[PDB]
Structures are given as structure tokens and as C-alpha cells.
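Residue numbers (the working numbering): 1004 to 1138.
Note that the Cβ used here is the ideal one computed from N, Cα and C, for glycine as well.
Structure, rendered in C-alpha cells:
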């Protein structure tokens, strides 16, 4: 029963990574794992980013989301404290939750997902060593 809502925060390239509750994990999620990104725009997989609840999702984890016949791979970069809720960047959500031209999720602002599950971080461009493939 995952929901997704959208918020411009998660595609705001200019925001300091300090503004996200996953800031420590974000520091390690630049294209150089030694030189922290300072801004959200520099983090791997930007802007397919979501806030998601602690315990259910780990900071920096990669999740495959499905809506109808669409899917996306998203990095958890912040927290919301509502169970089963993702809040994603506007364009991410708009694209995931458009069905045959109708931006269902975006226009309503909340959409229910068909499914969400964590996948290997390579799906979110992280250097795990593995190939994303087709999870």
C-alpha cells in the first residue's frame, strides 16, 4: 500500500545535502565517494529522489517503484514519517504516474503505487559492483 506524493524539494539541485535527513549517506553518494557532494544536484541519480520512512527504507537505498505500466528507480535521500509514503521529485512523479498521457499522480498530487521494493544500488547508479539488470 505505498503512496507517492511529489515535492519540488527533491529536484532542487541547489539545496545543501544538509537539508535532508539522509545527509550523511548523501555525502557518500557523489560520483567520487570520497569528495562529498555539497548539493542535492551532485548526488548520484538526481533527481530520481524520494523521502521515505526510516526503518522501512535505509538512507541512500534504491527502490523500484511501479505505477500502472511505468516504473522508476529512486534513491532515498530524506525521511517522511508516514508509513508507506514516498515523496518524490516533481518530474520523477509526473513521469512515473502518467498513464497514456494523463498525469494522474501529478495532477492529483498523491498516487498509490502498484509496488515498491528495494533493489541493488547499481539501479540508482551507485557503485555496488553489481549490474542493475532487470529487477
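With contact counted as at least three CB pairs below 8 Å, one residue from each stretch, are the stretch 1098-1116 and the stretch 1017-1030 in contact?
-> At 8 Å Cβ cutoff, the stretches do not touch.
Please go through the same chain and pick out, in chain order, the residues whose beta-carbon is closer than 8 Å to the beta-carbon of residue 1084, but skip the five residues on each side of it.
-> Hits under 8 Å: 1056 and 1057.
Boundaries of the beta strand (DSSP E) in which residue 1118 is found, first to last residue = Per DSSP, residue 1118 belongs to the beta strand (DSSP E) from 1118-1122.
What does residue 1069 pair with, by DSSP beta-bridge criteria?
-> Answer by DSSP bridge pairing, in chain order: 1074 and 1118.
Check each candidate in 1128, 1093 and 1108 and name the one with the smallest Cα separation from residue 1036.
-> Nearest of 1128, 1093 and 1108 to residue 1036, Cα basis: 1128.
Name the residue from 1115, 1027 and 1060 whose alpha carbon lies nearest to the alpha carbon of residue 1041.
-> Measuring from the Cα of residue 1041, the nearest candidate turns out to be 1027.
Contact check, residue 1070 vs residue 1117, beta carbons under 9 Å | Cβ atoms of residue 1070 and residue 1117: closer than 9 Å.
May I have the straight-line CA-CA distance separating residue 1086 from residue 1121, to the nearest angstrom?
-> Using only the alpha carbons, I get a separation of about 15 Å.
Residue 1029 beta carbon less than 9 Å from that of residue 1088 | Taking a C-beta distance under 9 Å as the contact criterion, residue 1088 and residue 1029 do not qualify as a contact pair.
Residue 1115 versus 1017, 1045, 1090 and 1016, residue with shortest Cα-Cα distance = The residue with the shortest Cα to Cα distance from residue 1115 is 1090.
Hey, would you say residue 1011 sits closer than 9 Å to residue 1108, going by beta carbons?
-> No, they are not a contact pair.
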